[PDB]
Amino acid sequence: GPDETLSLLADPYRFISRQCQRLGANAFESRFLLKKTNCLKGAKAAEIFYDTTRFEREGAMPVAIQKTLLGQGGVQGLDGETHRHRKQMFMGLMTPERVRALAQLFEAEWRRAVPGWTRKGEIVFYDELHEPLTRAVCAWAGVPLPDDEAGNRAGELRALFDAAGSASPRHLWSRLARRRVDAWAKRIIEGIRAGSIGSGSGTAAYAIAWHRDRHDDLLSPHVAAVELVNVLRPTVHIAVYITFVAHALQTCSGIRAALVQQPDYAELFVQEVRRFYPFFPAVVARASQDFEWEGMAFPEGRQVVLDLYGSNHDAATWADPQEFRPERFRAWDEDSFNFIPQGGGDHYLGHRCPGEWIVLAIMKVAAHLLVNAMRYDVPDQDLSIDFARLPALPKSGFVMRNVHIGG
């Protein structure tokens, strides 16, 4: 077959599921770069993809994503016991108390930023979320962050994902941001180890600075920096989900009211935002041994991508995936493979996102504030999602006017 790289990049989120619908199947062979690639979709495909006797991550991730979004030497590129030991370091951060502490810090930062928004008149809501998220997570993770630096660091953390998926001086800026963010996190780690930074023992930076690997060795400072940024970066990009919360409240009738009255509704709602809206298109692995599945050949070494967006919109699983309907999660069986916006499978024994609790907690705070505390006008604007952009967003970035909170 031909190389479909251009077609994918023109439709990164929907390419796979459209070809699956066209072929009446959940898998197809294709090609991106020099690489034959099996593309998969749906709960069944997700279950094999997360079987680690048949898939590994080492070497799988395109280097372009390494030197921007992910960094080099972090948990995403690990397999086996080496992975699980490193993954444990992330999971230990995520106690209900710690998750709640970050949500509280984030609410404080949101509230502290509003006067700035009021004084502005008009704001692009999306642009405005990165700094409070940055301030919150840094303080939570034991990372010192002077007031006059916060905005710059927010910009750098943002550029790791919002500039990592573009052409022009945009990809250049993303690689530089990665270099700056890496060097910065590395000085944080070194300062903790030398005793000149007094991060608390319950904080991420502390846990990462002091982590011992399966040989009782500290992480090398660069690897520690990369793992710290694996906490800071994705937290700041909860800005994407928070923007979709405001979008849903604006475009889907009944949601605002349901959210005001019905006390149990916030949970269903945040879940449905994660299910409905695009975030990460897909995840990549490599076949670790020969096997066949559903008539498809998976030879050892075959690059394999699992469509997250398509799996979340699978009609087999959700009778009407095209609808925004929080209520659907009343019937959900908490299956770990049929609902995968932040990965599937087991958190400890695979690469499933450790940040889910944080994401949920912060999304709940957003919904609360947008609905119960913060009032704003929404002018005529293009709110349609740009599906040709990574990350996909409302084209306007969600514009707000006359924003206030103290009335």
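A residue's number is simply how far along the shown sequence it sits, counting from 1.
Taking the mean C-alpha B-factor of each stretch as recorded, 29-37 and 340-348 are not equal, and the higher mean is that of 29-37. Between the stretches 72-80 and 293-301, it is 293-301 that shows the larger average CA temperature factor.
Within the group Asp127, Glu156, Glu122, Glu107, the record's highest C-alpha temperature factor is found at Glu122. The residue among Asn152, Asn312, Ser166, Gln271 whose C-alpha atom has the highest B-factor in the PDB entry is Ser166.
Annotation for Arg57: C-alpha temperature factor in the lowest third relative to the rest of the modelled chain, per the entry. Per the PDB record, residue ranking by Cα B-factor puts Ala367 in the middle third of the chain.
Per the PDB record, residue ranking by Cα B-factor puts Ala287 in the middle third of the chain. Per the deposited record, the Cα B-factor of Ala194 falls in the middle third when ranked against the other modelled residues of its chain. In the deposited entry, the Cα temperature factor of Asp148 places it in the highest third of its chain's modelled residues.
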